[PDB]
Amino acid sequence: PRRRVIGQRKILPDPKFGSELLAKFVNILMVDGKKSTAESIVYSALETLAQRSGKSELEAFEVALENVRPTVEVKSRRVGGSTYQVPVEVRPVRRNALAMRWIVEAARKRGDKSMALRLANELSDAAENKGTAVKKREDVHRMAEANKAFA
Amino acid sequence: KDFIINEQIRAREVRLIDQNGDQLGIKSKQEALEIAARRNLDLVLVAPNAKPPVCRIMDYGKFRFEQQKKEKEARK
Amino acid sequence: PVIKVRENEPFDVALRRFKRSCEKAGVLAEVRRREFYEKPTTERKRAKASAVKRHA
Amino acid sequence: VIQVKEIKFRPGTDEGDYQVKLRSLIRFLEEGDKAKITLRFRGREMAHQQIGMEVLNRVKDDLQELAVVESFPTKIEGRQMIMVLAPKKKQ
Amino acid sequence: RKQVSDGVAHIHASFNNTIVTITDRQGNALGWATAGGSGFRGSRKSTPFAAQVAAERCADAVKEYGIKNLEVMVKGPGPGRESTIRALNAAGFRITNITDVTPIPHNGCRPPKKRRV
RNA sequence: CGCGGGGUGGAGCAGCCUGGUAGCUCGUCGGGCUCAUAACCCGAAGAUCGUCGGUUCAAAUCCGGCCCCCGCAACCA
RNA sequence: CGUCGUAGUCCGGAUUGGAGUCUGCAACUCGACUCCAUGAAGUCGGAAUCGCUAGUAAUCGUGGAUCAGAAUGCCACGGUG
RNA sequence: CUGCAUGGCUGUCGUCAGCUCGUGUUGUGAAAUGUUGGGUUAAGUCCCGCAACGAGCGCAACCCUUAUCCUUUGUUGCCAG
RNA sequence: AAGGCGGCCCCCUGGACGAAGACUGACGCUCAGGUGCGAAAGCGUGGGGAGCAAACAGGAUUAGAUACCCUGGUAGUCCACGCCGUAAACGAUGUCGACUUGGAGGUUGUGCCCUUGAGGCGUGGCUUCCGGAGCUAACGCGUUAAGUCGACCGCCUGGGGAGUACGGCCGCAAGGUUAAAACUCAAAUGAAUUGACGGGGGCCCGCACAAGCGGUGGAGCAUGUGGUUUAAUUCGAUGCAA
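Chains as they are written, first to last, in PDB author numbering: chain G, 2 to 152; chain Y, 3 to 78; chain U, 2 to 57; chain Z, 90 to 180; chain K, 13 to 129.
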């Protein structure tokens, strides 16, 4: 990206709900190009989350994502022999991506029996803004507010 | 040497000794912190492994400065 | 750079004003300039160099 | 307690350079550390018959006042030989 | 225990640290908090975020008097010049005036040598 | 029978009067940095804390013996 | 579709015993593979470090050269992605 | 045996954008300019500018393959009626 | 004049420049020797001492670290009166005079124009950036010459040895000034050119970093190498490029 700027591939929407957002999610959860088996785990987790937690499947997703979404972050930088930490205000599209990514990662780093149950309980926790993924947003802010001076 | 103080303390309850040696008894960390605050002093965990942990009310900065002073002077 | 917020002006706008008053006033530049001793020969050297660059 | 600090004495470290850092090595010992001499030969498992035990031995012999050495090691391990030096032990 | 409702936020923002002090018009200290003593050291201590929680922690050791309006006095060039001010305003504070009071000698004392790092 | 200070990992220490998994340096073996080496940096190995009896919840640190090193001491023509 | 239900396990396959197959005058040193039994370390790897910008990475099988026999290497193929 | 006597082959910086010549002109001369600049390109790619005007090797093109279609040919491939 | 000179006010004082006309009548230029001035550091006596800071102490870094960084800190940096007389004391360009095309500015006098606008037309002093001829090894200089000429002075004669030794003069000292030879080498040097290189600089590229996904470093096995072993463990490949 020295010279060549680019657009971004605009992936197809989630097959079940027609959501580009959930397509960004299944892909992020996907491993070894196992798309078939990835969306299976995302839905069953949404189905587990939907059925027994007040429904509104897309909305349930947002309530949880709303909580792990980070408004600002820090970008490392090396000036006069010094590695300064510059807090940057982060753009909406990626805001979702980090939010989704930390939810997925916290799910695999969990004790429950399957990825679907884990994913479901991560969303639930995030929905109540608690657990690992939310905590990942908070460290980002503690780390950001600290270097507030250099913005 | 270094002691953890004030909010760094994790103990639920501590045995409290004030700045003059008065044994205040077993207090919740919250109450111990209140007593230290009203006296404009610090709550210092002087005996982390005692049962319950022992805290002393004192000015931590003044204490630490004097300790370092002592060490330096005796070696120069 | 003294600032006084006017009524029904958001805290942000007033702040942006303040930061531009200091950008205008040269505070941080000034503080940077004095953090460390500069030899007279050195500031004469700086002065020529910027005269020179200030030809396009 | 007694710490381990260290000094080195490479080959080509003679009087000049040397006893200046025998002064440095006093300093280590005299903090109350166990000052470990490391030789670092231009050499081998037997580099020298010269490099080490002029230096080391004269470091002991000059510092002998304040410090003594634990061992005069003369078993090199690698291309470098630790002579270990301590405070002179009160009997 | 007492009442003010009208204060001034003096923030000392050096490069290594940023000390926040809340006070009345007279200049009498009502409360204070620092970044270095809010759980931040060295590389993190000297950040705008550390100055922010300093401003936050300070607003908790002062509302015993129930301040409701204040002026801000920004001193020094470090971070937390600005981010400190923000946290104050979000903590429930009406900002009346902002003033930079960073001292500028009319060329008096010779400063320390340049650091050859 | 005669004083001093110590015993912890290969060597030297810290953890001591403030009794709850013994950590900190040089070496050891790896990894990183370099065209390469020195130097430096990330790291892992490495222990009945001398040895016993007492004493205790658990004693590295708690006492006293056995024992060892050094300290000066004693042999200082 | 069913089972195992977070365990050093219905994970993992090292190692070793026993008995065999085929190539080849000949499988002790040293071949490949099979049957039965065995069931190591390993519960995600310090400092440090590599590849990859799209039908790529990742993952899944497939074939070939050499070659009596001896591929986890090498060269090539497409599947999902 | 010598790759420190060699041919041929190969790695490598690196498919990086470089390497040069004639005539002109500048400098006593070694040399320079061209190929010092402003933009832009994967690129010494291209364009303006220019005491240079032009040219050659390398860049690109011509080559293989892949993506759409047309004509020819239907067996061992094909099966719309 | 050079060294160098910066808050404001007064006092004492040097130089420069312009306008107009009067006066003196070549009274001028240069200058070995001589005299005076001359940054900083340094020296002597007595003051002064906030900040800074040789030395020195302590903390760190490092293989070492008598350093670079940090915490301190004495002389010194400041004043008076003396000394020293040196700097990349530089425009690395001696002083004075005459002559030779131009453009854009800065600064500072002065004559003129409905002052009718913060201007319009001239005429001196200083100054900055380009550039013409000419000059120059080139770089560059170019009416403030490194051009074209003249007057006088200082200085150079290959590198090292050496601005050293000896002698003289000078200084409280540190030291300064004048200034050799033996010996040794075939070079030393200047400017510019093509590369290469840069953790000197500028601009720019590459999965180079950054953004990501999956790994190697741990384990067991396959495999290559080193090492070690052996009668032999055949020969070669060894930083990226074994």
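The beta carbon of each residue, even a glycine, is placed where N, CA and C say it ideally should be.
Quick check on K/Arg-37 - is its C-beta less than 8 Å from some C-beta in chain U?
no
Which runs of the alpha helix (DSSP H) fall wholly inside the stretch 35 to 63 of chain Y and span at least 4 residues, in chain order?
none
If we count the other Cβ atoms within 10 Å of its Cβ and call it buried at 16 or more, is G/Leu-13 buried or exposed?
exposed
Measure from the C-beta of K/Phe-52 to each C-beta in chain G and report whether the shortest distance is under 8 Å.
yes
Indicate whether K/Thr-96 and K/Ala-73 have their beta-carbon atoms separated by less than 8 Å.
no
Mind listing the chain K neighbours of U/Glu-36? Cutoff is C-beta to C-beta under 8 Å, in chain order.
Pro-123
Out of curiosity, what's the CA-to-CA distance linking Z/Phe-98 and K/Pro-124?
37 Å
Does any C-beta atom of chain K lie closer than 8 Å to the C-beta of G/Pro-88?
yes
In chain order, what residues of the same chain lie with their CB nearer than 7 Å to the CB of G/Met-144, ignoring the 5 residues before and after it?
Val-75
Could you please give the first and the last residue of the uninterrupted beta strand (DSSP E) stretch that includes G/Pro-88?
Start and end: 84 to 90.
With 8 Å set as the bound, which would you pick, yes or no: does the beta-carbon of K/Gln-15 sit closer than that to a beta-carbon of chain G?
no
Where do the N-terminal and C-terminal ends of the beta strand (DSSP E) with Z/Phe-98 fall, by residue?
92 to 98
For G/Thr-49 and G/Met-116, what's the separation of their Cα atoms in angstroms?
12 Å
Taking beta-carbon pairs under 9 Å, can you tell me which members of the stretch 53 to 69 of chain K lie near chain U?
none
Note down, in chain order, every chain K residue with its Cβ under 8 Å from the Cβ of U/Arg-33.
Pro-89
Measuring only between beta-carbons, confirm whether K/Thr-30 sits less than 8 Å from chain U.
no
In the DSSP assignment, the beta strand (DSSP E) including Y/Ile-7 goes from what residue to what residue?
Segment: none, Y/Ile-7 is in no beta strand (DSSP E) and carries neither H nor E.
List, in order along the chain, the chain G residues whose C-beta lies closer than 9 Å to that of K/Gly-49?
Per Cβ cutoff of 9 Å: no residues; K/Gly-49 is ~14 Å from chain G at best.
Can you pull the DSSP bridge partners for U/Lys-5?
K/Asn-109
Does the beta-carbon distance from Z/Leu-174 to Z/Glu-159 come in below 8 Å?
yes
What number of angstroms, rounded off, separates the C-alpha of Y/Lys-3 from the C-alpha of Y/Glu-15?
23 Å
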